[PDB]
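Visitor: quick one, fold the following:
(chains A and B, ligands or ions: 2)
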Number of protein chains: 2
Amino acid sequence: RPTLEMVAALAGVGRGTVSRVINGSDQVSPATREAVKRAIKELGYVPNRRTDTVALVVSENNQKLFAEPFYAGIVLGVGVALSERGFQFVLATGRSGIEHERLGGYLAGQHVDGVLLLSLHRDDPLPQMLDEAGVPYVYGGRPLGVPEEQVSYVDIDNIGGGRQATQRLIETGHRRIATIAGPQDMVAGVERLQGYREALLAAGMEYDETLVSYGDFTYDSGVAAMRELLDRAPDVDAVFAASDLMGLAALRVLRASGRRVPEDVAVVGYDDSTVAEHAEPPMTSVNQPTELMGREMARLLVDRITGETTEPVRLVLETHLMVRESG
Amino acid sequence: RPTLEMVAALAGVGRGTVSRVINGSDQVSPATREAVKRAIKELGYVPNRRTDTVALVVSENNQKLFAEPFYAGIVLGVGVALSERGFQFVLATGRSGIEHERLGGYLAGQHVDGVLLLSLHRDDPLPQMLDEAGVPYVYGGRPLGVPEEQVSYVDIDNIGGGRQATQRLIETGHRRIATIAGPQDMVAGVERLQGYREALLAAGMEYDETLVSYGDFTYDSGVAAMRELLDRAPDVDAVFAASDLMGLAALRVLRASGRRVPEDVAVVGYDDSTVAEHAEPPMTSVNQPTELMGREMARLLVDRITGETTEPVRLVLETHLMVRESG
Ligand SMILES: OC[C@H]1O[C@@H](O[C@H]2[C@H](O)[C@@H](O)[C@H](O)O[C@@H]2CO)[C@H](O)[C@@H](O)[C@@H]1O
Ligand SMILES: OC[C@H]1O[C@@H](O[C@H]2[C@H](O)[C@@H](O)[C@H](O)O[C@@H]2CO)[C@H](O)[C@@H](O)[C@@H]1O
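Guide: Numbering: from 1, shown residues only, chains lettered A, B, ... in the order given. Ligands and ions are numbered 1, 2, ... in the order given. Next comes the structure:
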């Protein structure tokens, strides 16, 4: 079956160019686009084409699975929902280009009935690799830069969650409200920042990028971000951290700097995890229904595998705020 | 290829009987053993017979992966060692009979080049299922009830670790030294209890089963075990818990009962994990080299896959005690 690699080889370009032609990106010259399309035609290439087994792919290094509380709940829900339907799963990981290469090549070999895609980053190649092999998949987290109507996914209302977190800080009287945002190559990072922005504007407050710092959902990134916020805006009085681990980092940086939480700076996190429960002070945090998300991911994928559902399905789940001492 | 199921069907027995005949167990009558052997002959059954992919099988429910600190370090080491050799892994789980059935059936279908076996329990069927399909495997943890010379494994010197933990408590003057042992259907549970026993006897102390309680490496099992020890022996002055999570439970039960740690009861755990580091008081714990264990598991398996090694290899890794406040 013709591959993207074969198209690139014949056209004399690389994977990045062919991937851009497949997606209809503007980032290709007309002459090179036409060369790629000629190769596609010559090869008969089509980009967008039992084992009782699903691959749950987490597009991160495996240590993220154990460090960040989100993953455990997804895996719990996936496991239960697949068990109820007679399916099992295997868990696959990897952040790097070579890991994506090897995993995409493997999943093109008819070793699983379908794939669940979790924690993907913008421009990760695995969806393309699965589409050209005809392997069905469902996302956990809407894909950035893909038209929504073409894909099936379960996601959280992270714009709403970001609004809930920021509205809490507005409602308790704060006027210099910062965020440690998630990474902007991940849908939840984009949308929790969007919710923060929408809350500020709905309240008649300014969106000041001085008060926006970015992490990558790790603790260490939260440490660096909180330190930077204090340098830029020593008068910050509240922080919305877009994950509990980044919020835990913020609490520790705030305390090290001599600021009381919540009296000087209030903090709200996201995940409503044991990280928040056991923080000092216990951390207010947005609760998202991670187990249900996993269950629904598995349900939607099995329906595609069995033919019960033949059109894309998208499901968005609501959040709520869990109030503790920190904000 | 003939299966155990086919042998059972032809002989008119079930899987448990055929499995016992395959292993040369005494737990079969002569007449039934001969019936099974006739079926084996009639079918031509043999019990003991690329994808760049290894299955790392954890014979537990997936939530154990996230709750117990051991697993993260194994996965880290496996991932690095396989990456260095051009292999990837998938992670498979399951405690139940139906999960073992489905996973054994899948792994017999040529979807991986080899298997790593972690956290298995005595009489788990997956090794049998892999042997009849000719799928190479390496254990992490020596198998109970299998002659050692027939298998490849990496294990920890858990007899020595159990001795280190118990010798510490003897050396600090304790005379009523209990253990919350691991489960006796798992090699580490057996061997850490053996080390406890050997330490007591080497010191001229009695092995008193009154002071031996059993858990299953979960926190909840440690809670029940510590409560039982206090009921049987209110004068206990030290506890060796065979995992950090069971030791954390012991600390909390001890404190709830009005006993000071270490002043009334000293505690030593096993795993030298963040569970021990963050306990109140910080927990003395046996350190085992989990990342190295994972690396070596992967190395041994790849050598079998590639044909570099054609004989069984067994490796046993040493432990050391990490001293903190609790004991
Ligand atoms: O919440 C922090 C956690 O986010 C993960 O992204 C999730 C997100 O939480 C969820 O709302 C959305 O529906 O799905 C994405 C996964 O694709 C992220 O993967 C983690 O690194 C992070 O710890
Ligand atoms: O240490 C508690 C941990 O033990 C795991 O068993 C390991 C054992 O720690 C290790 O020394 C031995 O070499 O391998 C086995 C795994 O087969 C057990 O799987 C965990 O449930 C437990 O938390």
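Visitor: how about stretch A:80-88 against chain B, any contact?
Guide: Yes - with CB under 8 Å from any CB of the partner chain as the criterion, chain B is reached by stretch A:80-88 at A:83, A:88. Placement of C-beta: from N, CA and C, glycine included.
Visitor: buried residues of that stretch, list them for me.
Guide: In terms of neighbour count (16 or more other CB atoms under 10 Å in any protein chain shown), stretch A:80-88 has its buried residues at A:81, A:82, A:83, A:85, A:87, A:88.
Visitor: out of the residues you listed, which comes closest to residue B:266?
Guide: residue A:83 (42.7 Å; CB to CB).
Visitor: look up the closest residue to residue A:270, ignoring the ones flanking it.
Guide: Spatial nearest neighbour of residue A:270, excluding adjacent residues (CB to CB, 6 or more residues apart in numbering or on different chains): residue A:286 at 4.5 Å.
Visitor: so that neighbour makes contact with residue A:324?
Guide: No - counting by CB atoms under 8 Å, residue A:324 is not a contact partner of residue A:286; they are 11.8 Å apart.
Visitor: circling back to that earlier point, tally of neighbours for the residue nearest to residue A:270?
Guide: When neighbours are counted by other CB atoms under 10 Å in any protein chain shown, residue A:286 registers 29.
Visitor: output stretch A:259-272 as PDB, restricted to C-alpha atoms.
Guide: What follows is stretch A:259-272, C-alpha atoms only, in PDB (Å, rounded to 0.1, in the frame of the first residue of the first chain):
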ATOM      1  CA  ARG A 259       4.000  35.700  49.800                       C
ATOM      2  CA  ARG A 260       1.100  34.200  51.700                       C
ATOM      3  CA  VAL A 261      -1.400  32.000  49.900                       C
ATOM      4  CA  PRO A 262      -4.300  32.900  49.800                       C
ATOM      5  CA  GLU A 263      -3.800  36.200  51.700                       C
ATOM      6  CA  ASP A 264      -1.300  37.800  49.300                       C
ATOM      7  CA  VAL A 265      -1.800  35.600  46.200                       C
ATOM      8  CA  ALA A 266      -4.800  33.200  45.500                       C
ATOM      9  CA  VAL A 267      -4.200  30.100  43.400                       C
ATOM     10  CA  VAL A 268      -6.600  27.900  41.400                       C
ATOM     11  CA  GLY A 269      -5.400  24.700  39.600                       C
ATOM     12  CA  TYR A 270      -6.800  22.200  37.200                       C
ATOM     13  CA  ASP A 271      -7.300  18.400  37.600                       C
ATOM     14  CA  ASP A 272      -8.800  18.300  41.100                       C
END
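Visitor: which strand or helix spans whatever residue of chain A ends up closest to ligand 2?
Guide: In chain A, no residue comes nearer to ligand 2 than residue A:66, which is 13.1 Å away by CB to the nearest ligand atom. In this assignment (DSSP states H and E), residue A:66 forms part of helix A:63-67.
Visitor: which secondary structure elements does the helix or strand just after that helix contact?
Guide: Per DSSP H and E, the first helix or strand lying C-terminal to helix A:63-67 is helix A:70-84. Under the contact definition 3 or more CB pairs under 8 Å, 6 or more residues apart in numbering or on different chains; DSSP states H and E, helix A:70-84 sits against strand A:53-58, strand A:88-93, strand A:114-118, helix A:290-306, helix B:62-67.
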